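Reproduced below: final33.cif, with mmCIF, C-alpha atoms and all ligand atoms.
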```
data_upload
loop_
_atom_site.label_atom_id
_atom_site.label_comp_id
_atom_site.auth_asym_id
_atom_site.auth_seq_id
_atom_site.Cartn_x
_atom_site.Cartn_y
_atom_site.Cartn_z
CA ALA A 7 176.40 -58.53 -63.25
CA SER A 8 179.60 -56.46 -63.70
CA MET A 9 180.23 -54.74 -60.34
CA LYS A 10 179.81 -56.10 -56.83
CA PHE A 11 179.63 -54.11 -53.59
CA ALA A 12 180.31 -55.37 -50.14
CA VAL A 13 179.15 -53.39 -47.20
CA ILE A 14 180.32 -53.70 -43.64
CA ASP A 15 178.88 -51.82 -40.65
CA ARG A 16 180.99 -50.37 -37.88
CA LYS A 17 180.44 -48.49 -34.69
CA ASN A 18 181.67 -45.37 -36.52
CA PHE A 19 181.35 -45.88 -40.25
CA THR A 20 179.94 -47.99 -42.97
CA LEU A 21 182.60 -49.54 -45.19
CA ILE A 22 181.98 -49.92 -48.88
CA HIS A 23 184.15 -52.17 -51.01
CA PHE A 24 183.47 -52.43 -54.69
CA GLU A 25 184.78 -55.07 -57.03
CA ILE A 26 184.78 -54.90 -60.77
CA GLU A 27 183.93 -58.09 -62.62
CA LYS A 28 183.63 -57.27 -66.32
CA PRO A 29 185.48 -54.21 -67.60
CA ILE A 30 183.33 -51.07 -67.45
CA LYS A 31 182.65 -47.85 -69.35
CA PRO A 32 181.76 -44.61 -67.59
CA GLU A 33 178.03 -44.81 -68.67
CA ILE A 34 177.85 -47.23 -65.84
CA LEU A 35 177.80 -44.33 -63.38
CA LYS A 36 174.26 -43.56 -64.60
CA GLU A 37 173.05 -47.12 -64.05
CA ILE A 38 174.85 -48.26 -60.99
CA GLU A 39 172.92 -48.67 -57.76
CA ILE A 40 174.72 -47.34 -54.69
CA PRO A 41 174.42 -49.19 -51.36
CA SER A 42 172.27 -47.23 -48.92
CA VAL A 43 173.77 -46.68 -45.49
CA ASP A 44 173.29 -45.23 -42.09
CA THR A 45 173.42 -41.48 -42.64
CA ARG A 46 174.21 -40.87 -38.99
CA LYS A 47 177.57 -42.56 -39.72
CA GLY A 48 180.49 -41.69 -41.94
CA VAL A 49 181.72 -43.87 -44.81
CA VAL A 50 184.91 -45.49 -46.07
CA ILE A 51 185.28 -46.41 -49.69
CA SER A 52 187.57 -49.01 -51.10
CA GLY A 53 188.08 -51.01 -54.25
CA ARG A 54 190.43 -51.24 -57.19
CA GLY A 55 189.05 -49.07 -59.93
CA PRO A 56 189.53 -45.84 -61.83
CA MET A 57 189.73 -42.68 -59.78
CA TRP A 58 186.46 -41.74 -61.35
CA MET A 59 184.69 -44.71 -59.74
CA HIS A 60 186.09 -43.71 -56.39
CA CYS A 61 185.27 -40.02 -56.74
CA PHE A 62 181.80 -40.78 -58.03
CA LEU A 63 180.99 -42.85 -55.06
CA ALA A 64 182.69 -40.53 -52.66
CA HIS A 65 180.54 -37.64 -53.71
CA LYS A 66 177.52 -39.86 -53.54
CA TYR A 67 177.97 -40.15 -49.74
CA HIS A 68 178.61 -36.44 -49.20
CA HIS A 69 175.82 -35.95 -46.66
CA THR A 70 177.27 -38.39 -44.10
CA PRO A 71 179.49 -37.02 -41.25
CA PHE A 72 182.47 -37.80 -43.45
CA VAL A 73 183.85 -39.73 -46.37
CA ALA A 74 187.21 -41.40 -46.57
CA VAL A 75 188.99 -43.25 -49.26
CA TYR A 76 191.15 -46.28 -48.77
CA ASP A 77 194.88 -46.36 -49.49
CA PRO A 78 196.64 -49.72 -48.94
CA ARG A 79 199.62 -47.96 -47.41
CA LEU A 80 197.79 -45.66 -45.02
CA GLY A 81 194.21 -46.51 -44.31
CA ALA A 82 191.19 -44.42 -45.02
CA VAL A 83 191.89 -40.83 -45.73
CA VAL A 84 189.12 -38.36 -44.94
CA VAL A 85 188.63 -36.28 -48.03
CA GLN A 86 185.56 -34.40 -46.86
CA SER A 87 183.46 -34.26 -43.75
CA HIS A 88 180.67 -32.39 -42.12
CA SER A 89 180.76 -33.51 -38.59
CA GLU A 90 183.33 -35.76 -37.06
CA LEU A 91 186.76 -35.83 -38.58
CA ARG A 92 188.83 -33.54 -40.71
CA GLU A 93 190.03 -33.58 -44.27
CA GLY A 94 193.33 -35.44 -44.12
CA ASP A 95 192.65 -37.38 -40.91
CA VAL A 96 193.35 -41.09 -41.46
CA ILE A 97 191.12 -43.80 -40.10
CA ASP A 98 193.07 -46.88 -39.16
CA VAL A 99 191.88 -49.62 -41.49
CA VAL A 100 193.32 -52.57 -43.34
CA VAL A 101 191.49 -54.33 -46.10
CA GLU A 102 192.44 -57.85 -47.13
CA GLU A 103 191.45 -59.45 -50.40
CA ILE A 104 191.86 -63.10 -49.32
CA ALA B 7 206.81 -26.26 -52.41
CA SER B 8 205.64 -29.89 -52.69
CA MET B 9 202.60 -29.63 -54.92
CA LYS B 10 202.13 -27.44 -57.97
CA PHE B 11 198.92 -26.45 -59.73
CA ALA B 12 198.35 -25.16 -63.21
CA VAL B 13 195.11 -23.70 -64.46
CA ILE B 14 193.93 -23.47 -68.01
CA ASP B 15 190.67 -21.75 -68.98
CA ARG B 16 188.26 -22.82 -71.63
CA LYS B 17 184.98 -21.73 -73.04
CA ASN B 18 183.34 -24.58 -71.18
CA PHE B 19 185.51 -25.53 -68.21
CA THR B 20 188.49 -24.60 -66.14
CA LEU B 21 191.17 -27.28 -66.22
CA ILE B 22 193.23 -27.95 -63.19
CA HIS B 23 196.42 -29.88 -63.42
CA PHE B 24 198.16 -30.73 -60.25
CA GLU B 25 201.60 -32.14 -59.90
CA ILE B 26 203.26 -33.67 -56.84
CA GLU B 27 207.01 -33.19 -56.28
CA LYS B 28 207.91 -34.19 -52.81
CA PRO B 29 206.03 -37.20 -51.54
CA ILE B 30 203.09 -36.20 -49.38
CA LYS B 31 201.28 -37.20 -46.21
CA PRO B 32 197.53 -36.82 -45.95
CA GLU B 33 197.93 -33.87 -43.46
CA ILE B 34 198.52 -31.92 -46.60
CA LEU B 35 194.79 -31.93 -47.35
CA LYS B 36 194.37 -29.50 -44.43
CA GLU B 37 196.81 -27.03 -45.95
CA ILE B 38 196.41 -27.31 -49.66
CA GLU B 39 195.32 -24.09 -51.24
CA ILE B 40 193.00 -24.64 -54.13
CA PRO B 41 193.03 -22.58 -57.31
CA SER B 42 189.90 -20.43 -57.44
CA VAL B 43 187.98 -20.61 -60.65
CA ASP B 44 185.04 -19.32 -62.53
CA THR B 45 182.12 -20.80 -60.67
CA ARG B 46 179.90 -20.31 -63.68
CA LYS B 47 182.02 -23.02 -65.39
CA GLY B 48 182.59 -26.62 -64.65
CA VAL B 49 186.00 -28.12 -63.95
CA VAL B 50 188.25 -30.86 -65.16
CA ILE B 51 190.90 -32.26 -62.93
CA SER B 52 194.08 -33.89 -64.24
CA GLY B 53 197.12 -35.08 -62.36
CA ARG B 54 198.79 -38.20 -61.12
CA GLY B 55 198.08 -38.77 -57.43
CA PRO B 56 196.39 -41.08 -54.94
CA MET B 57 192.67 -41.62 -55.23
CA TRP B 58 192.31 -39.54 -52.20
CA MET B 59 193.94 -36.52 -53.73
CA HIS B 60 191.67 -36.81 -56.71
CA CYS B 61 188.54 -37.19 -54.69
CA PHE B 62 189.54 -34.43 -52.32
CA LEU B 63 190.03 -31.96 -55.11
CA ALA B 64 187.02 -33.12 -56.96
CA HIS B 65 184.82 -32.52 -53.95
CA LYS B 66 186.43 -29.16 -53.50
CA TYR B 67 184.97 -27.91 -56.77
CA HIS B 68 181.52 -29.30 -55.88
CA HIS B 69 179.65 -26.01 -56.41
CA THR B 70 180.54 -25.63 -60.09
CA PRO B 71 178.16 -26.90 -62.81
CA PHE B 72 180.15 -30.12 -62.87
CA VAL B 73 183.36 -31.81 -62.05
CA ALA B 74 185.16 -34.33 -64.22
CA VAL B 75 188.27 -36.29 -63.82
CA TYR B 76 190.75 -37.01 -66.58
CA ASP B 77 191.47 -40.56 -67.75
CA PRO B 78 194.11 -40.98 -70.45
CA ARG B 79 192.07 -43.69 -72.16
CA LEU B 80 188.70 -41.87 -72.13
CA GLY B 81 188.80 -38.15 -71.47
CA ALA B 82 187.22 -36.30 -68.60
CA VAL B 83 184.60 -38.26 -66.82
CA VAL B 84 181.87 -36.34 -65.07
CA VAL B 85 181.64 -37.65 -61.55
CA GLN B 86 179.22 -35.12 -60.21
CA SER B 87 177.35 -32.16 -61.62
CA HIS B 88 174.72 -29.65 -60.83
CA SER B 89 173.91 -28.04 -64.06
CA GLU B 90 175.33 -29.07 -67.43
CA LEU B 91 176.38 -32.62 -67.97
CA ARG B 92 175.56 -35.96 -66.44
CA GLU B 93 177.37 -38.26 -64.15
CA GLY B 94 179.30 -40.56 -66.45
CA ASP B 95 179.26 -38.25 -69.47
CA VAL B 96 182.74 -37.98 -70.92
CA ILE B 97 184.10 -34.64 -72.10
CA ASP B 98 186.12 -35.26 -75.14
CA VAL B 99 189.33 -33.51 -74.30
CA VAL B 100 192.88 -34.58 -74.86
CA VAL B 101 195.53 -33.68 -72.41
CA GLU B 102 199.10 -34.28 -73.05
CA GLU B 103 201.70 -33.43 -70.53
CA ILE B 104 205.03 -32.54 -72.10
CA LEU B 105 207.82 -34.04 -70.15
CA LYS B 106 211.13 -32.13 -69.57
MN MN C 201 173.85 -36.25 -57.04
MN MN C 202 179.16 -30.82 -48.94
MN MN C 203 184.39 -28.02 -47.59
MN MN C 204 176.68 -31.09 -53.95
MN MN C 205 173.02 -37.26 -63.19
#
```

Have the structure of the file written as structure tokens, please.
Ligand SMILES: [Mn+2]
Ligand SMILES: [Mn+2]
Ligand SMILES: [Mn+2]
Ligand SMILES: [Mn+2]
Ligand SMILES: [Mn+2]
Amino acid sequence: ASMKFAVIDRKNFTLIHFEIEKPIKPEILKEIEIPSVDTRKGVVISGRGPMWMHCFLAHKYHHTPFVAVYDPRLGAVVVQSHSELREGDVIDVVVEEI
Amino acid sequence: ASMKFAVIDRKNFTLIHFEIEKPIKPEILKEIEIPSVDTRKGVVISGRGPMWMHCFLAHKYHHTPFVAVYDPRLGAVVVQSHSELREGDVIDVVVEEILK
């Protein structure tokens, strides 16, 4: 009841947006339940939060063909990948919060 | 000549501070040359940068016993680890950056 995730499926990746409701401590990273996704497809991760929340999640999806992290100015930046894209490639995404 | 790294060794982790000087594009992640460290020891990562820089570096040390990311309010938060600490544990380190 303190952290919501939205998941959106795409031809080429699963998007994960997280929202923080109540303020959080890091212990949360032991409790939190990470959305399960299509492994055959890479992952983009967005949300306003501490870098640690982002990194934690990012590593969590490290088996997928790639992981990218959202930056309002740029899109999703691939930070690691096994199969499809390269570190530093930028997927063209915009995320609107109403 | 756009991104500097400092390394500081400790009994229990290698600290990596990174600094950005020129503004950066994400292409940089293909070039960046990461400080090599004692694998037997975990790693703490401090620096101001985009999430992506943090995550990128963090993942880069993913073999070490753990990786933690510095947060001025809290300390170094373990975000992944193989051997020593737990995700969400907070190493109780203070980092102050002396300006000028
Ligand atoms: Mn794990
Ligand atoms: Mn890997
Ligand atoms: Mn790699
Ligand atoms: Mn691993
Ligand atoms: Mn754990």

Query raised in the report: Which distance in Å separates atom CA of residue 7 of chain A and atom CA of residue 33 of chain A, to one decimal?
Result: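 So the answer is 14.8 Å.
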
Query raised in the report: For chain A against chain B, which residues fall within 9 Å using all atoms listed in the file, given as a PyMOL selection string?
Result: chain A and resi 31-36+56-66+68+74-77+80+82-86+92-96

Query - Counting all atoms listed in the file, the residue of A:13, A:101, A:73, A:38 that sits nearest ligand MN 205 (chain C) - result: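 So, comparing all the options, the nearest one is A:38.
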
Please write out, as AutoDock Vina command-line options, where the centre of an axis-aligned box around all listed atoms of segment 88-101 of chain A lies and how long its edges are, in Å to one decimal, after adding 8 Å on each side.
```
--center_x 187.0 --center_y -43.4 --center_z -41.6 --size_x 28.7 --size_y 37.9 --size_z 25.0
```

Requested in this report: Please measure the separation of atom CA of residue 12 of chain A and atom CA of residue 72 of chain B, giving the value in Å to one decimal.
Outcome: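 Spanning atom CA of residue 12 of chain A to atom CA of residue 72 of chain B is a straight-line distance of 28.3 Å.
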
**Report entry** Residue with smallest distance to ligand MN 202 (chain C) - pool B:16, B:106, B:10, B:69, counting all atoms listed in the file
**Finding:**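 Residue with the minimum atom-to-atom distance to ligand MN 202 (chain C): B:69.
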
Report task. Fewer than 6 positions away in the same chain doesn't count, so skip those; otherwise give me all residues within 7 Å of residue 22 of chain A, counting only C-alpha atoms, as an MDAnalysis selection string. Result -> chainID A and resid 11:14 50:52

Report task. Grab the atom CA of residue 24 of chain A to atom CA of residue 100 of chain A distance for me, in Å with one decimal place. Result ->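 Between atom CA of residue 24 of chain A and atom CA of residue 100 of chain A the gap works out to 15.0 Å.
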
Requested in this report: Fewer than 5 positions away in the same chain doesn't count, so skip those; otherwise give me all residues within 6 Å of residue 20 of chain B, counting all atoms listed in the file, as a count of residues only.
Outcome: 3

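Restricting the calculation to only C-alpha atoms and all ligand atoms, the smallest distance between ligand MN 203 (chain C) and any of A:16, A:69, A:47, A:88 is found for A:88.
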
Query raised in the report: B:50, B:28, B:8, B:67: which is nearest ligand MN 202 (chain C), counting all atoms listed in the file?
Result: B:67

Query raised in the report: Using all atoms listed in the file, which residue out of A:81, A:67, A:49, A:27 lies closest to ligand MN 204 (chain C)?
Result: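 Using all atoms listed in the file, ligand MN 204 (chain C) sits closest to A:67.
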
Query raised in the report: Can you list, as a ChimeraX atom specification, every protein, DNA or RNA residue that comes within 7 Å of residue 71 of chain B when you count all atoms listed in the file, leaving out same-chain residues fewer than 5 positions away?
Result: /B:46-48,87-90

Query raised in the report: Of the residues B:91, B:38, B:105, B:51, which is the one nearest to ligand MN 201 (chain C), using all atoms listed in the file?
Result: B:91

Query raised in the report: Hey, can you pull every residue with an atom no more than 12 Å from (202.7, -35.0, -71.0), using all atoms listed in the file, and send it as an NGL selection string?
Result: :B and (23 or 25 or 52-54 or 78 or 100-106)

Env of residue 90 of chain A: 10 Å cut, atoms = only C-alpha atoms, seq-sep filter 4 positions within chain, self excluded. Answer as a CSV table (one decimal) with C-alpha atoms, in the coordinates of the input.
```csv
chain,number,residue,atom,x,y,z
A,18,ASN,CA,181.7,-45.4,-36.5
A,47,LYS,CA,177.6,-42.6,-39.7
A,48,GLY,CA,180.5,-41.7,-41.9
A,70,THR,CA,177.3,-38.4,-44.1
A,71,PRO,CA,179.5,-37.0,-41.2
A,72,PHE,CA,182.5,-37.8,-43.4
```

Can segment 48-62 of chain A be brought up to N, CA and C atoms and written out as a compact mmCIF listing (two decimals), in the coordinates of the input?
```txt
# COMPACT_ATOMS: atom_id res chain seq x y z
N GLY A 48 179.57 -41.83 -40.83
CA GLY A 48 180.49 -41.69 -41.94
C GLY A 48 180.69 -42.97 -42.74
N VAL A 49 181.57 -42.88 -43.75
CA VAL A 49 181.72 -43.87 -44.81
C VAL A 49 183.16 -43.98 -45.29
N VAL A 50 183.61 -45.21 -45.47
CA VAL A 50 184.91 -45.49 -46.07
C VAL A 50 184.70 -46.28 -47.32
N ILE A 51 185.47 -45.92 -48.35
CA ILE A 51 185.28 -46.41 -49.69
C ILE A 51 186.52 -47.04 -50.24
N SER A 52 186.43 -48.32 -50.56
CA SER A 52 187.57 -49.01 -51.10
C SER A 52 187.21 -49.83 -52.29
N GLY A 53 188.24 -50.20 -53.04
CA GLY A 53 188.08 -51.01 -54.25
C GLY A 53 189.15 -50.66 -55.23
N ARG A 54 189.54 -51.59 -56.09
CA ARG A 54 190.43 -51.24 -57.19
C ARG A 54 189.60 -50.80 -58.34
N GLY A 55 189.85 -49.60 -58.84
CA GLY A 55 189.05 -49.07 -59.93
C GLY A 55 189.66 -47.77 -60.35
N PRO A 56 189.10 -47.16 -61.39
CA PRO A 56 189.53 -45.84 -61.83
C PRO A 56 189.18 -44.78 -60.82
N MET A 57 189.96 -43.70 -60.80
CA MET A 57 189.73 -42.68 -59.78
C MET A 57 188.30 -42.28 -59.97
N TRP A 58 187.81 -42.22 -61.20
CA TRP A 58 186.46 -41.74 -61.35
C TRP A 58 185.42 -42.55 -60.58
N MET A 59 185.62 -43.86 -60.48
CA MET A 59 184.69 -44.71 -59.74
C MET A 59 184.72 -44.29 -58.30
N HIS A 60 185.92 -44.09 -57.79
CA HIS A 60 186.09 -43.71 -56.39
C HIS A 60 185.44 -42.37 -56.12
N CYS A 61 185.80 -41.37 -56.92
CA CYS A 61 185.27 -40.02 -56.74
C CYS A 61 183.75 -40.01 -56.83
N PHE A 62 183.23 -40.77 -57.80
CA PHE A 62 181.80 -40.78 -58.03
C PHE A 62 181.13 -41.22 -56.78
```
